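Asks: First, the structure itself, so that you have it in front of you.
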Amino acid sequence: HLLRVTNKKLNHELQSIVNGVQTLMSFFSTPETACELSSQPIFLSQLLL
Amino acid sequence: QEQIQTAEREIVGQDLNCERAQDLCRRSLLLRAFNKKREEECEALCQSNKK
Amino acid sequence: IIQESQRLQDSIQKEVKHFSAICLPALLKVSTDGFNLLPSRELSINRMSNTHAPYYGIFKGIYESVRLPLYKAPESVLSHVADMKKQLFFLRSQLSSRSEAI
Amino acid sequence: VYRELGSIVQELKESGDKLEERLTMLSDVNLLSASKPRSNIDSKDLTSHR
Amino acid sequence: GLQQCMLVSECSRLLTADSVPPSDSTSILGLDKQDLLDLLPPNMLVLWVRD
């Protein structure tokens, strides 16, 4: 039973890392389509100078 | 002598080998040790997620 | 990361399942000639040591067939069978002598 | 950011490799429970042959 | 204390297939001898049990 709990914890942590990295990568994706107003460029590389 | 031989066969048959209980104890200990190692590994992944 | 995280998914459960199927005593390897590690359960001296040993039922049957008591050491089985053969030869010789005498 | 992600992937990879190695070891037929004694006497069983 | 000492010893041996150091041999469940020694009772209790 202890190993089953620990196994759930380990699966959760692995998923957290996957979610965390996906979130982190969302900050680097250039919104191709002009339309979406919402995603304000965070980086100057994406800045439309 | 026939009675003694019957009783002997019974004792030999009762030779309590608690090997099953002992096996379970061994497995339990090994798995406990395994659990401890896996908990250390979970703590290490938790630290990476914080970062 | 997704690929490597999927490899480690349910990793504890997978390992425990494989462990539950293993025979622990098969892990106890002893070297008789210093070079070849054999599981202690496969040693000829341990065939009668435990009622749960794999070959216990077969050798129990062999002991009963040669009228060797179960409390005797396993190293005595070949010597005992050799003596039985010796006895058979002696009985044959006695029968032949008696048949000739009659 | 690239160095940090690289370290996490390496740790997960090493753990994954070590797990595969252990699973392979545990799947060895000689370790798996009491297969019904073999009907034939193994060539390595010198005592039964004798 | 005695049961635990014997069990640890038995299990340690299950792990240490006296085989040859191969610096490369995969232990069962990835456990080393040291992982089991940690499950021993406190050193003061072990000495008491042995006496």
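Within each chain, counting starts at residue 1; across the structure tokens, chains are named A, B, ... in the order shown, with ligands numbered 1 upward in that order.
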Can you pull out every residue within 9 Å of residue 30 of chain A, counting only C-alpha atoms, but drop anything in the same chain fewer than 3 positions away, and send it as a ChimeraX atom specification?
Replies: /A:26-27,33,39,41,46
Asks: List the spatial neighbours of segment 15-25 of chain D as a PyMOL selection string - criterion: any atom at most 8 Å away, only C-alpha atoms, same-chain residues fewer than 3 positions off excluded.
Replies: (chain C and resi 4+7-8+11+15+18) or (chain D and resi 11-12+28) or (chain E and resi 26-30)
Asks: What's around residue 31 of chain B at 10 Å? Count only C-alpha atoms, leave out sequence neighbours fewer than 5 positions away in its own chain, and write the answer as a PyMOL selection string.
Replies: (chain A and resi 2-3) or (chain B and resi 25-26+36-37) or (chain C and resi 16+19-20) or (chain E and resi 29+31)
Asks: Which chain D residues are at most 8 Å from chain C (counting only C-alpha atoms), as JSON, numbers by chain?
Replies: {"D": [8, 9, 12, 13, 15, 16, 19, 22, 23, 26, 27, 30, 31, 32, 33, 34, 36, 37, 45, 47]}
Asks: Please report, as a Markdown table, each residue of chain A lying at most 10 Å from chain B, together with the nearest pair of atoms and the separation in Å rounded to one decimal; use only C-alpha atoms, and order rows by chain and ascending residue number.
Replies:
```
| residue | atom | partner | partner_atom | distance |
| --- | --- | --- | --- | --- |
| A:2 | CA | B:35 | CA | 7.7 |
| A:3 | CA | B:35 | CA | 6.1 |
| A:4 | CA | B:35 | CA | 9.8 |
| A:6 | CA | B:39 | CA | 6.9 |
| A:7 | CA | B:38 | CA | 8.6 |
| A:9 | CA | B:42 | CA | 7.4 |
| A:10 | CA | B:42 | CA | 5.6 |
| A:11 | CA | B:42 | CA | 9.3 |
| A:12 | CA | B:42 | CA | 9.7 |
| A:13 | CA | B:46 | CA | 6.3 |
| A:14 | CA | B:45 | CA | 7.4 |
| A:15 | CA | B:49 | CA | 9.7 |
| A:16 | CA | B:49 | CA | 6.8 |
| A:17 | CA | B:49 | CA | 5.3 |
| A:18 | CA | B:49 | CA | 9.1 |
| A:19 | CA | B:49 | CA | 9.6 |
| A:20 | CA | B:49 | CA | 7.1 |
| A:21 | CA | B:49 | CA | 8.9 |
```
Asks: State, in Å with one decimal place, the distance from atom CA of residue 16 of chain B to atom CA of residue 3 of chain E.
Replies: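 Spanning atom CA of residue 16 of chain B to atom CA of residue 3 of chain E is a straight-line distance of 17.7 Å.
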Asks: As a short mmCIF file (atom, residue, chain, number, x, y, z; two decimals) with C-alpha atoms, in the first residue's frame, which residues of chain C does DSSP assign to strand (DSSP E)?
Replies:
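As a result, selection.cif now contains:
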```
data_model
loop_
_atom_site.label_atom_id
_atom_site.label_comp_id
_atom_site.auth_asym_id
_atom_site.auth_seq_id
_atom_site.Cartn_x
_atom_site.Cartn_y
_atom_site.Cartn_z
CA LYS C 29 24.40 -18.36 -5.21
CA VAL C 30 27.28 -20.31 -3.82
CA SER C 31 30.56 -21.22 -5.55
CA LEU C 37 27.91 -19.60 -8.94
CA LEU C 38 25.02 -21.86 -8.50
CA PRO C 39 21.85 -21.27 -6.57
#
```
Asks: Can you list, as a list in words, every protein, DNA or RNA residue that comes within 12 Å of residue 10 of chain E when you count only C-alpha atoms, leaving out same-chain residues fewer than 4 positions away?
Replies: residues 22, 23, 25, 26, 27, 29 and 30 of chain B; 24, 25, 27 and 28 of chain C; 3, 4, 5, 6, 14, 15, 16, 17, 33, 36 and 37 of chain E
Asks: Quick one: residues within 10 Å of residue 46 of chain E, only C-alpha atoms counted, chain neighbours fewer than 3 positions away excluded, as a list in words?
Replies: residues 1, 2, 4, 5, 40, 41, 42, 43, 49, 50 and 51 of chain E
Asks: For the selection just defined, write its residues with N, CA and C atoms to a file, as a compact mmCIF listing (two decimals), in the first residue's frame.
Replies:
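The resulting file, out.txt, is shown below:
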```txt
# COMPACT_ATOMS: atom_id res chain seq x y z
N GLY E 1 14.73 -7.07 17.80
CA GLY E 1 16.09 -6.74 17.41
C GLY E 1 16.81 -7.88 16.72
N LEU E 2 16.68 -9.11 17.32
CA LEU E 2 17.35 -10.29 16.78
C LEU E 2 16.77 -10.66 15.42
N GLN E 4 15.30 -8.74 13.33
CA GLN E 4 15.67 -7.73 12.35
C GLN E 4 17.13 -7.90 11.92
N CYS E 5 18.00 -8.21 12.80
CA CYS E 5 19.41 -8.42 12.49
C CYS E 5 19.59 -9.59 11.54
N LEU E 40 18.81 -1.45 10.01
CA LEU E 40 19.20 -2.08 11.26
C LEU E 40 18.79 -1.22 12.45
N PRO E 41 18.46 -1.87 13.54
CA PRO E 41 18.18 -1.07 14.73
C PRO E 41 19.38 -0.22 15.16
N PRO E 42 19.20 0.71 15.98
CA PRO E 42 20.31 1.54 16.45
C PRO E 42 21.47 0.71 17.00
N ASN E 43 22.72 1.08 16.71
CA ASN E 43 23.94 0.35 17.04
C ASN E 43 23.95 -0.11 18.49
N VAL E 49 21.59 -6.74 21.83
CA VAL E 49 20.99 -7.98 21.33
C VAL E 49 22.06 -9.06 21.21
N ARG E 50 23.25 -8.81 20.69
CA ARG E 50 24.34 -9.76 20.47
C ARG E 50 24.88 -10.29 21.79
N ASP E 51 24.96 -9.37 22.90
CA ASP E 51 25.43 -9.76 24.22
C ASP E 51 24.43 -10.68 24.91
```
